[PDB]
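Reading through the structure tokens given below for one structure.
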Amino acid sequence: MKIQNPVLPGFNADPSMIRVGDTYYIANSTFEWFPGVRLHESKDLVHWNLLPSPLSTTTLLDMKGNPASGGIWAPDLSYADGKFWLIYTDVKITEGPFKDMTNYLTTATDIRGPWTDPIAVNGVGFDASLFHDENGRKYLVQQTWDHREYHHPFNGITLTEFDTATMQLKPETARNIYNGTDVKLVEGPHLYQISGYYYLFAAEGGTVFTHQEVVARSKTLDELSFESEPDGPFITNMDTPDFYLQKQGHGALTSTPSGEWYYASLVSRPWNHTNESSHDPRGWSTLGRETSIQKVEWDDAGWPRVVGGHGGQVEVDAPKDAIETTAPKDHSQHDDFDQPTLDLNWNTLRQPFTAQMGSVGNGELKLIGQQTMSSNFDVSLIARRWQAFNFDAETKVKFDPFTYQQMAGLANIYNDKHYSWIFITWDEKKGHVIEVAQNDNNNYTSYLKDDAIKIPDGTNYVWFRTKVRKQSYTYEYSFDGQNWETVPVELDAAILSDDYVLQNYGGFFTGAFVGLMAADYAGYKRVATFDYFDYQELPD
Amino acid sequence: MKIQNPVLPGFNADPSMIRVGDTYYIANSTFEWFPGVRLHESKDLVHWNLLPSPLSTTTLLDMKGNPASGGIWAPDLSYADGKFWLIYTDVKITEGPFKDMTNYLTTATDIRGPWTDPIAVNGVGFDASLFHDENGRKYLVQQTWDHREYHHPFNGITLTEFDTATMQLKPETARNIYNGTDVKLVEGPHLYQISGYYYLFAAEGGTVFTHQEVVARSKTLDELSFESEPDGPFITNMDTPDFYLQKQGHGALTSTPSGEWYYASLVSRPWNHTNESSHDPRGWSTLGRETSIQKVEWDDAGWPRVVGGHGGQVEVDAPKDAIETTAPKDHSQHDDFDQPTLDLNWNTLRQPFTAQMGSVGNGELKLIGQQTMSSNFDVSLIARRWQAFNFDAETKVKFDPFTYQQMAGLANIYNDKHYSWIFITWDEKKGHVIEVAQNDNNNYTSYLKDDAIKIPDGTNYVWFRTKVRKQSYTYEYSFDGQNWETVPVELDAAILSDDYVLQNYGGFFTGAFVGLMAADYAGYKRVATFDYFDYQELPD
Amino acid sequence: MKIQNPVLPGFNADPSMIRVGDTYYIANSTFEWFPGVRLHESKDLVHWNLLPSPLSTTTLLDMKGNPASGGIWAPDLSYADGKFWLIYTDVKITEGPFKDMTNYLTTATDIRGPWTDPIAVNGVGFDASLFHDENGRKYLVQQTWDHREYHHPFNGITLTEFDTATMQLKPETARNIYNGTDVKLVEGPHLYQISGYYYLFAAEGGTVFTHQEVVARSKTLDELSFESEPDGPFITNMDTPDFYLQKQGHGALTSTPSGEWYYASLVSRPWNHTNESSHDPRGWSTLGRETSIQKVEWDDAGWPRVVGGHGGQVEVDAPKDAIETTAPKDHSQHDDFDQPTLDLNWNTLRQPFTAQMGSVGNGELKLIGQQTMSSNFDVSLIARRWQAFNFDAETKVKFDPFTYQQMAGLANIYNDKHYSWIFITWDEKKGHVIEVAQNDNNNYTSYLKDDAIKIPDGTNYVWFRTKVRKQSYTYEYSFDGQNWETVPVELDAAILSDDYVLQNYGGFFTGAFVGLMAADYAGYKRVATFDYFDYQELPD
């Protein structure tokens, strides 16, 4: 009976939410993480189950070499004409005057797939959304990039009509339907036909603490015909600096079977170090942009308003007609690698898990060492989101390196310039050793150096653990699985947060992950064998 | 009779030079420019002709998404066992603690191809070189990357033996043969068997003004057996700060049929702005790393020495047995696009010229607008090196944009963050206009803005010209090909120089190019038609 | 018999060297260190004694608030008309388009003083030098600052004539006598009348590794009449990157009684960390700019040349008529504070040692805690130069702090943003403790924090020691003077080097010092008592 926000914890950004009959679906952005577009299902809005990602082949999504926080930006899921339509955007540039992107369309009769070979739709801007008019016409509504430095870069909301026989746009039909408000950065447009009006929802202010969603309406789809909601915005936490939820905005409106109204929003829970002002910095989002759900009611003038005020609520009444959905009690994961395919919570960087990266099955994960976590190409790594502030993760691994260019173990990663791990490697004095390293915006630290821990001569497998405790984390190791030693360094979790990455890079749209990887930049394909992976969430 | 250095002007870096009978060949690094590996041929060392590049397919070279100054680093061309062997390196990371690279091998019975499908050899380090021992054994000798921040990053010269039946390395044979001198950054290793000794040539000091080449020798290929040449180095311009040639070092030794000896080196001719100290900065290399050739003699103790002293000479005596080679008088280019394939002097960024980029033939180049010059993906651009300090380039282009996201014209480019051009685009008030823009490390300037030049309603084609004058350059346009207007903006050529890019980016290994491109980041594939391209070199 | 360079080790920059009869004098720049202008005397050029500094009162020198590496730049000492003339410069701005300076004149009949109340001469530029023409006319010759960013900042060598009755300049006589060479940054001018010519010595290239001295001559003092020495420069180590001496240039020529010729130059001995290329960075000068002396001979065309070539020599033949001079064997210092005035080797920051800073005598130094080493105002600190690569320094101090804002101990300091120390302070949990801190360009580290060492309840005095070992240094403490504990942190000496400070600040002209200080930024004037100071130089 009670939605507890965030409902989708950890990296679950840019929710597109729809209802088909009694079933709700949310699609989230995935950026450089493969497979592309995360899908979840529910019948109550409270409990959610992970579905297979649509963009699961290189025919659907080719992101080798993509910059971090390029790839899949906000997706748009829709249902019309007896099928699912997915608009998705592959962004190739994350900084500077340009943001070159391609918007694609795929479809499916079943939410689990298979998905049709993608059609390229256009560029123009990101946050592309398929509007299905009740009269059978279809349109793309999107953000509009402007590279001209003497203008504002978000040049209104473009609406362009499809030829529905080919699903190619007719570019001559393009127009700006809405310029937004003085907060600018107008994006994330969605159109809805409600009570004889077209309602436009749009995100503004950028996806940090000044984020908001605004609402406009028009009787038509004419150029600059949309009028802004009075007493706006619809949702923001800009002016609620102490609230548990922050950065709400970009999202999607859905009805229930009974005619209630809900809004899924991206959201963050940024925390502070003990010595910081709570209001500067407002905090660090290690769990990145998650998804919340807010209830909506309509005021007497026909404008939608968030229940509990424009900041939303932590706890929200579930739909009256909610059908109870069974879901795991938390996001803990206990993987024996018993199955021939990866658990759905695992993701790879940019590319599918192929035989080149390794194999899973019969109780073992094998990763073939290729490029380091610093590469945008051919990284043999699997990882899953941080979905709690406190957790323990553990593995048991065997690796036989003969050079220092071979490394394998347990990692925490944000991107190619923000990661850490504890790993087995080789050194000239001791042979097989354990080291811990952190890459902090290419300031790279090896903690143990010459004092790397010697792996005793009888030792086959090494056990590794990371203990994440909100603001900080540690690595531990064991030669028997029972007696553990802590490596005496406390790592700052803020290094793996959106708010930290934003300081020196314009792509900061994911969240921290934990996982397993092997590297061999000697190019000799050294194999690491992992017997299990455990991720155990702890109370907050 | 007289070699005039640089013999290969403009971007012609990292020369690997061999002799087969009476013919000399030089292979140069190409980085992100496609096709990969530049080849030149001569029988006199004075005059050189361009041959087809070996790495001309995505089976041989796949660099989509590569960072600028990644891709093809120093290549190694060798002839043994009646065929050509090419070792080449695709570098995927240009900054930070790692430099993930793969070394590949292809072979050919004819220097013009075809080349065999590549074998992956290893990583370990760049500057990989195939040593063919007279006894039939074969080895890879290379630089050795060390990511450990508490060590020096260039960890000696690794030698590893091949299994010659499969041409796969036997990693257990790896050893460090040479640690270099205190100047460090030891790389560019080549081994030669001469007069009963193995001679090792290696580059040191990095490829900027502290570059040098050193020589070592051993009776064996044993671990750390190589002894440094006394009274070194072999070549450097570090300590000749006023000399016309700079940055000499990384290169290759060849004999002539009569037993003379020559050394090809990379080289630069960096210039100064008027107000700068000649010694700080030492200058700006718009023509990048070019190739020089120096004569070598052997001293009484059996050590090789450059004729004219360790700084080399501008003019060098050609081989006594030189066979005259005819070559074009300069590198001017007059292209009517009359042929169905591109002139060899044209390159693309990262990827082959496919139908997706456009077409050439019957007097026209068609470029299909795709991503901007800011992208590492799908850029419809062809360009050729700056090969003189002073030149005029000109084209005639037709383009019908309906949005400001469509741009086409005449460009000067170093990389995705360092380029300029004059182009046709569209604006809201005037329609078809001419603009000039410069991207200076993502500081992007539109020069004309609202004062972009209106293209008159009669106008089919627009003519564009760039005049490069060493330190600075301008753009001009014409609506009839006879009456020209100069855009009143003088651009700094130093923005397209290795030495400028080095200030904020660790990949700075190419050189300035001039060419033609079309962009359509609206994604509507707008086509630009170019009737010709002219590149006219002028005296220094 | 043998000058061993550097003859004046540690910070002894910008030597002005003259001879009066059989006695040589060198004056050196002192920047923010008080008293101003360092003076040394010798009769052999091999052994040197420190004399009292001229600028010993606030009437002569007022530097409170001066930026680090402002204050006293290159001085000029001359002897004519039976007295010493000192031109000195107080620089108030060290970065940006301006470098506002005032040049002053003081005189003395005795080198040890007293010195006359200073006359303000002009601004115009630094490196002002008094030229006494044989014909009785007198001139100021100087560098010429140009703030205009579209010009080169060093606008030739200005010569302006004095009215010798008032020793005020006649501005109308100003002209540029010499523009220098393409190396630019022309400064440090000195004029000499020799063999019917005016010879001009000038420094160029800036005071780092591209430093050089050039020589020009003219029959007149006419505008742009000076012609450059062929086959220059006169002195440089730019092109001797492995030589023990570096950065030679700015200096002064003197004759001996017998007609021999010597040149005193500033010089450095920059060292490398073990992992660095010897040529980039060329190294770290913890001992700053020291003084060397080179021998000069005249070629057949009447041009001066350094004996041993333009790089100079480490060891140089002393004058034939040299009179062996008694001097301390090294710069060790054993100070019991038995005297009522400070040993001459001690300096203060910016201001005289007044009763406000404390007192000395009867076996004790008392420092009254005022502002921290981070301040340009009222710092109770005395310090002496690092003058060897390896040394031990030690003190015994009593201090009774009641707040953490009170700190006193043994410091190593370069400037307000580059220092370290071990000190007594107070903390909330333990009371009197020992801490170590480093300020590294305002990245401030407290090493022990909560684990600061508790000072036992009976302890009156604490003993402190620093052991400097070229590239690195440590701190030790003792509660009895016999049993020592090392604080387990190795500090990088490069943080207190010119070459490090230059990376982020345009004033980098001094050198590392070691000394004693007390701070009380609670403003309660807490007094630290030091019983002795020992500085013991060790072999290289």
Side-chain angles (χ1 to χ4, degrees), chain B residues 97 146-156 179-187 203-214 228 231-233 236-244 246-247 249 270-283 309-311 490 492 502-503, chain C residues 97 146-156 179-187 203-214 228 231-233 236-244 246-247 249 270-283 309-311 490 492 502-503:
Chain B
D146 188 348
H147 67 274
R148 294 167 293 173
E149 77 289 357
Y150 57 95
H151 287 171
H152 63 287
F154 291 45
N155 182 25
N179 268 323
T181 70
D182 52 52
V183 173
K184 292 176 203 299
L185 293 83
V186 75
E187 73 176 293
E204 291 190 321
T207 185
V208 213
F209 291 97
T210 52
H211 207 193
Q212 67 180 27
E213 194 81 1
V214 295
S228 291
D231 294 315
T236 191
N237 299 115
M238 173 55 177
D239 56 358
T240 64
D242 298 319
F243 195 54
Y244 180 73
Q246 295 292 322
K247 308 188 176 184
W271 49 260
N272 281 110
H273 296 105
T274 182
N275 286 335
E276 289 166 352
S277 169
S278 55
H279 294 172
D280 186 1
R282 289 173 66 159
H310 75 224
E490 229 199 48
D492 185 0
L502 128 69
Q503 290 183 161
Chain C
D146 188 348
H147 67 273
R148 295 165 297 173
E149 77 290 356
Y150 56 94
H151 286 168
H152 61 289
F154 289 48
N155 180 21
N179 271 320
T181 69
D182 53 52
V183 172
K184 292 180 163 50
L185 297 164
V186 74
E187 73 176 294
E204 290 190 321
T207 187
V208 212
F209 292 99
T210 52
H211 206 195
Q212 67 180 27
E213 194 81 0
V214 295
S228 291
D231 226 292
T236 193
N237 299 115
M238 174 168 190
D239 55 0
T240 63
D242 298 319
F243 196 55
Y244 181 73
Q246 294 293 321
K247 309 185 177 188
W271 49 258
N272 282 109
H273 297 105
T274 53
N275 288 334
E276 291 166 350
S277 169
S278 54
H279 295 176
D280 189 349
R282 288 171 68 159
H310 75 223
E490 294 209 336
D492 182 7
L502 150 63
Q503 291 177 339

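Labels below follow one simple rule: chain letters A, B, ... track the order of the sequence lines, proteins then strands, and each chain is numbered from 1.
Few gaps surround CD on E149(B); more than 12 heavy atoms of other groups in view lie less than 6.0 Å from it.
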Stepwise side-chain contact (heavy atoms from CB on, under 4.5 Å) test for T207(B) and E187(B):
CA-CA 10 Å; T207(B) 185; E187(B) 73 176 293; 5.7 Å; no
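Most heavy-atom pairs under 4.5 Å with chain B: of the set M238(C), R282(C), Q212(C), this distinction falls to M238(C). Contact count against chain C (heavy-atom pairs under 4.5 Å) is highest for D239(B) among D239(B), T240(B), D280(B). With chain B as the partner, the residue from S277(C), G180(C), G206(C) showing the most heavy-atom pairs under 4.5 Å is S277(C).
One distance of note links CG of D182(B) with CD of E276(C); it measures 12.0 Å at 0.5 Å rounding. To the nearest 0.5 Å, the span separating NE2 on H279(C) from NZ on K184(B) amounts to 11.0 Å. Considering CG of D146(B) and CG of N155(B), their distance stands at 5.0 Å, rounded to 0.5 Å.
No part of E204(B) comes within reach of chain C, as not one of its non-hydrogen atoms sits under 4.5 angstrom from that chain. Of the two parts of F209(C), neither the backbone nor the side chain holds a non-hydrogen atom closer than 4.5 Å to a non-hydrogen atom of chain B. For a residue to count as touching a neighbouring chain, one of its non-hydrogen atoms must lie under 4.5 Å from one of that chain's; by this rule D242(C) touches chain B with the side chain only. Using a 4.5 Å cut-off between heavy atoms, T274(C) contacts chain B through its backbone alone, with no side-chain atom that close.
Counting only distance, with no hydrogens or angles, the side chain of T236(C) and the backbone of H211(C) share a donor-acceptor pair below 3.5 Å.
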